[PDB]
Structures are given as C-alpha cells and as structure tokens.
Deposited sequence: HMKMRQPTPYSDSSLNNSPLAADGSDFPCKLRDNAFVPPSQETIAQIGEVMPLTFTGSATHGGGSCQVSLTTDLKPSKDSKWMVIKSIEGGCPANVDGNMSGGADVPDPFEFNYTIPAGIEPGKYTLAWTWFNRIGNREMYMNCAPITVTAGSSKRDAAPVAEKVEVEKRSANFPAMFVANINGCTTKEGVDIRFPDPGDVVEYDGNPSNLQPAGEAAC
C-alpha cells in the first residue's frame, strides 16, 4: 500500500494506496469517478533532466520492482499504448525486507529518479508508475500523473491483473525492461536467472 508523491498524480485527493483490482477492471491508473484531474502546477520534465520519483506510505511489502512509462493519452484507458522509459528491478519503492514505520501518509525515505530520454518528443503525456510488490499477495500497483516534456521503447509490463502471475518473495526482472535498468535491491532477492517473470 503505497502511492506516488512526485510527479504529482492526477486527482490526488481521491487516489488511495490500494493495488489495482485483481480482475483488471480499474487498469490503467485506478479508474474511478473523476480519475484524471491534473494537479494545479504543471510538472515540466526537460529532456535529459533528472526528475524525482518519490512515494508516500509505509506498507512497502519488502520492495519489489517498478517501471516508469509514458503514453500520449491524457485520459488513459485499456487501449492506451505505453512506452517504458525506466525499469527498477529490486529495491522499489524501498530496499527493506518488509514494511516501514509511519502511517499511510508518511513520506517514503527511499527516493528514485527518471530522465526523459532523447527519443521522446516534446509534448503532453501521462506518466505511469507501476509496482510489483515483493512480499504479500500477488498485486500490481499503478498511479498516473500528467507531465509536459520540453526540449523504440518496450511496452509496459502487466501482471497479476491478468493470467501472468508473479512469484512471491522475489524482485521480478521484466522480460523487456528497456535500455535503462537500475538494480536497487539486495542481490539475493532478484528473481533467479532462467525463471520467467510470469
């Protein structure tokens, strides 16, 4: 149970910590009433700028693995096409063995980053954070935020809301993580070589 803090998600005041519905019904972005209201301040990401990726919550579930992905859709739906710009395998959204202290609203001390790469054209996008928790029930977490990019990619990995089911206890390694892959966890938790993520 975690949520993205930066970049600021759409409709943050109605955005909760819960994972996506196991049946896929609220993929993408936790579909719900008025799900796609932009925050007041525009999140501007210059190409090549190191941008913050930060979280709120203490129920870190031993970490896991995350992606950062972009779509041109400003009201994403099941038909939205996503472009992965970063994969974090292990240690996301925290490199601890279980949960942390603080409440549902605590700023997560473990912080991350992403950079818009050279192949993304300037324009408005939705950015998604997705997270596959290491410990606990097999879930997929997802929050979405508008960003404006100012002056060839894998499709998003989707699991646990379909037939692809991940293995409990491991930091998964995405089949097609892209050219920007970061390992932020303990090597002993990385999914063993030769096992598929599903």
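Residues of the deposited sequence with no modelled C-alpha atom fall in a single range, 152 to 172.
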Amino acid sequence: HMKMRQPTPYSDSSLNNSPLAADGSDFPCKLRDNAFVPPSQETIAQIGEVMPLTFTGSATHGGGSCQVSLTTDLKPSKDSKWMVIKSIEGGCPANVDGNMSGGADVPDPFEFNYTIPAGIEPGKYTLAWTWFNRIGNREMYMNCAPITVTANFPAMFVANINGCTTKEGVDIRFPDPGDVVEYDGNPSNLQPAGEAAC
From here on, numbers count along this sequence of modelled residues.
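A summary of the deposited B-factors shows that, of 29 to 37 and 162 to 170, the stretch with the larger mean C-alpha value is 162 to 170. Averaged over their C-alpha atoms, the temperature factors of 185 to 193 and 8 to 16 are higher for 185 to 193.
When the C-alpha B-factors of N143, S65, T56, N137 are ranked from the entry, the top spot goes to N137. The entry lists C-alpha B-factors for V84, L74, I88, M100, and the highest of these is at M100. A151: CA B factor in the highest third of modelled residues in this chain (values from the PDB entry). Sort the chain's modelled residues by C-alpha temperature factor and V50 lands in the middle third, per the entry.
For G178, the recorded CA temperature factor ranks within the lowest third of the chain's modelled residues. In this PDB entry, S80 carries a Cα temperature factor that places it within the middle third of its chain's modelled residues. Among the modelled residues of its chain, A118 has a C-alpha B-factor that falls in the highest third according to the deposited record.
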